[PDB]
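These notes are about the structure you will find just below.
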Amino acid sequence: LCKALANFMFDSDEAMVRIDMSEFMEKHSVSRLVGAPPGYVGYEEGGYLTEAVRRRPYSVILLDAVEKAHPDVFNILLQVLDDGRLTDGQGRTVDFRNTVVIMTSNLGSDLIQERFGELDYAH
Amino acid sequence: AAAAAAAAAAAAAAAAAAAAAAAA
């Protein structure tokens, strides 16, 4: 479905940014996507996610396997879904006002396979 | 009767930059 949105929007599946969150099962890969502060190693490169937006802001940002990562990666996306703002390691804001954020998991898959029958969509 | 002109003689220097590292 995410590749279907990318194909609808951009005439291509991989004209997008997929960042699979199973790679980020530790905490500190927050610094992989938002960058590193002044002083430290990868300062002059930027975060991957912020630069990948900063080229082509009208895009689709995909997060997959969201149950794999540590729970406190998701202060970054608190900023993101509050204002579309994100501040990389050099300290400039990156506008996410033209982005779509999709997060997938398999949380209640036992419960969904158990009770999708004989139940409404709502409850 | 020429006089040797004193020059301007533009120069050059450089500067490195360290990088610390966390150690997890």
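Just remember, in the structure tokens the first chain shown is A, the second B, etc., residues are 1-based per chain, and ligands are 1-based in the order shown.
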Got a sec to pull out which chain B residues are within 8 Å of chain A, counting only C-alpha atoms, and send them as number ranges by chain? B: 18-22
From a backbone DSSP assignment, name each residue in chain A labelled alpha helix (DSSP H), as a ChimeraX atom specification. /A:2-10,30-34,48-55,76-83,109-115
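Interatomic distance, CA of residue 12 (chain A) to CA of residue 95 (chain A): 23.3 Å.
DSSP on the backbone gives strand (DSSP E) for these parts of chain A: residues 17, 18, 19, 20, 59, 60, 61, 62, 63, 64, 99, 100, 101, 102 and 103 of chain A.
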As a ChimeraX atom specification, please: the residues near residue 54 (chain A) (cut-off 10 Å, only C-alpha atoms, same-chain neighbours under 3 positions excluded). /A:48-51,57-58,93-96
